[PDB]
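Working notes for the structure below.
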Amino acid sequence: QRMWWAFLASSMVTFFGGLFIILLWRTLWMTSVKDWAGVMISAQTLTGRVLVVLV
């Protein structure tokens, strides 16, 4: 009657299985949006400063 294992295992699989699939992929128009996300999250951007203050 104690379902804590679900809450723990969710974080466990999110941390581990995704890391494993990233490792597997490594062993094997997106640039514009990537740079756009980078320029929001940049420290020099005022929007980035406001966003980190809010978070």
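Residues: numbered from 1 along the sequence shown. Only heavy atoms go into these numbers, but all of them, side chains included; no hydrogens, no water, no symmetry mates.
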Membership question, hydrophobic clusters at under 4.5 Å side-chain separation (ILVMFWY): are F7 and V13 in the same one?
no
Extract all donor-acceptor atom pairs below 3.5 Å that involve side chains of residues 33-55 and protein atoms in other chains or at least two apart in sequence.
unit_1, atom_1, unit_2, atom_2, d
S42, OG, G38, O, 2.4
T45, OG1, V39, O, 2.5
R49, NE, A43, O, 3.1
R49, NH2, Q44, O, 2.5

Show me the side-chain donor-acceptor pairs of residues 16-25 shorter than 3.5 Å, one per line, residues at least two apart or across chains.
none

